[PDB]
file start13.pdb (PDB, C-alpha atoms)
ATOM      1  CA  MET A   1     -22.901  18.495  -4.131  1.00  0.00           C
ATOM      2  CA  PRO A   2     -25.356  15.712  -3.281  1.00  0.00           C
ATOM      3  CA  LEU A   3     -27.427  15.116  -6.430  1.00  0.00           C
ATOM      4  CA  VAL A   4     -24.582  16.435  -8.606  1.00  0.00           C
ATOM      5  CA  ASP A   5     -22.512  13.510  -7.286  1.00  0.00           C
ATOM      6  CA  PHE A   6     -24.915  10.819  -8.543  1.00  0.00           C
ATOM      7  CA  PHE A   7     -25.626  12.847 -11.702  1.00  0.00           C
ATOM      8  CA  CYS A   8     -22.104  12.548 -13.168  1.00  0.00           C
ATOM      9  CA  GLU A   9     -21.960   9.000 -11.771  1.00  0.00           C
ATOM     10  CA  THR A  10     -24.082   7.757 -14.689  1.00  0.00           C
ATOM     11  CA  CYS A  11     -25.499  10.470 -16.994  1.00  0.00           C
ATOM     12  CA  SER A  12     -23.907  12.450 -19.876  1.00  0.00           C
ATOM     13  CA  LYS A  13     -20.970  10.015 -20.041  1.00  0.00           C
ATOM     14  CA  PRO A  14     -22.316   7.342 -22.465  1.00  0.00           C
ATOM     15  CA  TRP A  15     -19.028   7.771 -24.362  1.00  0.00           C
ATOM     16  CA  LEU A  16     -16.901   6.610 -21.421  1.00  0.00           C
ATOM     17  CA  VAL A  17     -18.846   3.357 -21.266  1.00  0.00           C
ATOM     18  CA  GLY A  18     -16.674   2.378 -24.240  1.00  0.00           C
ATOM     19  CA  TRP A  19     -13.480   1.944 -22.210  1.00  0.00           C
ATOM     20  CA  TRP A  20     -15.624   0.630 -19.326  1.00  0.00           C
ATOM     21  CA  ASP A  21     -16.148  -2.752 -20.990  1.00  0.00           C
ATOM     22  CA  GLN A  22     -12.471  -3.605 -20.353  1.00  0.00           C
ATOM     23  CA  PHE A  23     -12.797  -2.234 -16.793  1.00  0.00           C
ATOM     24  CA  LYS A  24     -14.832  -5.409 -16.105  1.00  0.00           C
ATOM     25  CA  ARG A  25     -11.564  -6.657 -14.553  1.00  0.00           C
TER
END
call {"tool": "encode", "arguments": {"input": "start13.pdb", "output": "structure tokens"}}
result
Amino acid sequence: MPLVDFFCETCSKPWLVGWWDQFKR
């Protein structure tokens, strides 16, 4: 899974970006 690897990397997961803010550390 080549393109499918970068697809989930940053795509339909705009809801996870919420607990990503704290991941800044």
call {"tool": "atom_distance", "arguments": {"input": "start13.pdb", "atom1": "CA of residue 1 in chain A", "atom2": "CA of residue 24 in chain A"}}
result
27.9 Å
call {"tool": "atom_distance", "arguments": {"input": "start13.pdb", "atom1": "CA of residue 8 in chain A", "atom2": "CA of residue 20 in chain A"}}
result
14.9 Å
call {"tool": "atom_distance", "arguments": {"input": "start13.pdb", "atom1": "CA of residue 6 in chain A", "atom2": "CA of residue 25 in chain A"}}
result
22.8 Å
call {"tool": "build_atoms", "arguments": {"input": "start13.pdb", "residues": "chain A", "atoms": "N, CA and C atoms", "output": "compact mmCIF listing (two decimals), in the coordinates of the input"}}
result
# COMPACT_ATOMS: atom_id res chain seq x y z
N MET A 1 -22.24 18.96 -2.88
CA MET A 1 -22.90 18.50 -4.13
C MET A 1 -23.43 17.07 -3.93
N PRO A 2 -24.68 16.99 -3.54
CA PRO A 2 -25.36 15.71 -3.28
C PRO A 2 -25.87 15.08 -4.58
N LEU A 3 -26.86 15.68 -5.17
CA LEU A 3 -27.43 15.12 -6.43
C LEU A 3 -26.41 15.25 -7.56
N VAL A 4 -25.59 16.26 -7.53
CA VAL A 4 -24.58 16.43 -8.61
C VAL A 4 -23.56 15.30 -8.53
N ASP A 5 -23.49 14.63 -7.42
CA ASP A 5 -22.51 13.51 -7.29
C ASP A 5 -23.06 12.28 -8.02
N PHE A 6 -24.32 12.00 -7.86
CA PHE A 6 -24.92 10.82 -8.54
C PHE A 6 -25.22 11.17 -10.00
N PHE A 7 -25.33 12.44 -10.30
CA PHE A 7 -25.63 12.85 -11.70
C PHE A 7 -24.46 12.45 -12.61
N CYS A 8 -23.27 12.91 -12.32
CA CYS A 8 -22.10 12.55 -13.17
C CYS A 8 -21.83 11.05 -13.05
N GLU A 9 -22.19 10.46 -11.94
CA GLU A 9 -21.96 9.00 -11.77
C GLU A 9 -22.38 8.28 -13.05
N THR A 10 -23.61 8.43 -13.45
CA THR A 10 -24.08 7.76 -14.69
C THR A 10 -25.07 8.67 -15.42
N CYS A 11 -24.58 9.55 -16.26
CA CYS A 11 -25.50 10.47 -16.99
C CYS A 11 -24.98 10.83 -18.39
N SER A 12 -24.40 12.00 -18.54
CA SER A 12 -23.91 12.45 -19.88
C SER A 12 -22.60 11.76 -20.25
N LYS A 13 -22.27 10.66 -19.65
CA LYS A 13 -20.97 10.02 -20.04
C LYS A 13 -21.16 8.64 -20.73
N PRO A 14 -22.06 8.57 -21.68
CA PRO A 14 -22.32 7.34 -22.46
C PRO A 14 -21.16 7.09 -23.43
N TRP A 15 -20.20 7.97 -23.45
CA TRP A 15 -19.03 7.77 -24.36
C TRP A 15 -17.93 7.07 -23.57
N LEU A 16 -17.93 7.26 -22.28
CA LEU A 16 -16.90 6.61 -21.42
C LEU A 16 -17.22 5.13 -21.27
N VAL A 17 -18.46 4.78 -21.41
CA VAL A 17 -18.85 3.36 -21.27
C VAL A 17 -18.05 2.51 -22.26
N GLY A 18 -17.47 3.14 -23.24
CA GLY A 18 -16.67 2.38 -24.24
C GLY A 18 -15.45 1.77 -23.57
N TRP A 19 -14.66 2.55 -22.87
CA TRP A 19 -13.48 1.94 -22.21
C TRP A 19 -13.88 1.38 -20.84
N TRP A 20 -15.16 1.23 -20.61
CA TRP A 20 -15.62 0.63 -19.33
C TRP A 20 -15.68 -0.88 -19.52
N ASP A 21 -16.06 -1.30 -20.70
CA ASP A 21 -16.15 -2.75 -20.99
C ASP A 21 -14.89 -3.45 -20.47
N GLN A 22 -13.73 -2.96 -20.82
CA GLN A 22 -12.47 -3.60 -20.35
C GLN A 22 -12.36 -3.48 -18.83
N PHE A 23 -12.88 -2.42 -18.27
CA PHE A 23 -12.80 -2.23 -16.79
C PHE A 23 -13.45 -3.42 -16.07
N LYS A 24 -14.17 -4.25 -16.78
CA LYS A 24 -14.83 -5.41 -16.10
C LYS A 24 -13.84 -6.16 -15.21
N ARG A 25 -12.57 -5.96 -15.41
CA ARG A 25 -11.56 -6.66 -14.55
C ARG A 25 -11.01 -5.66 -13.54
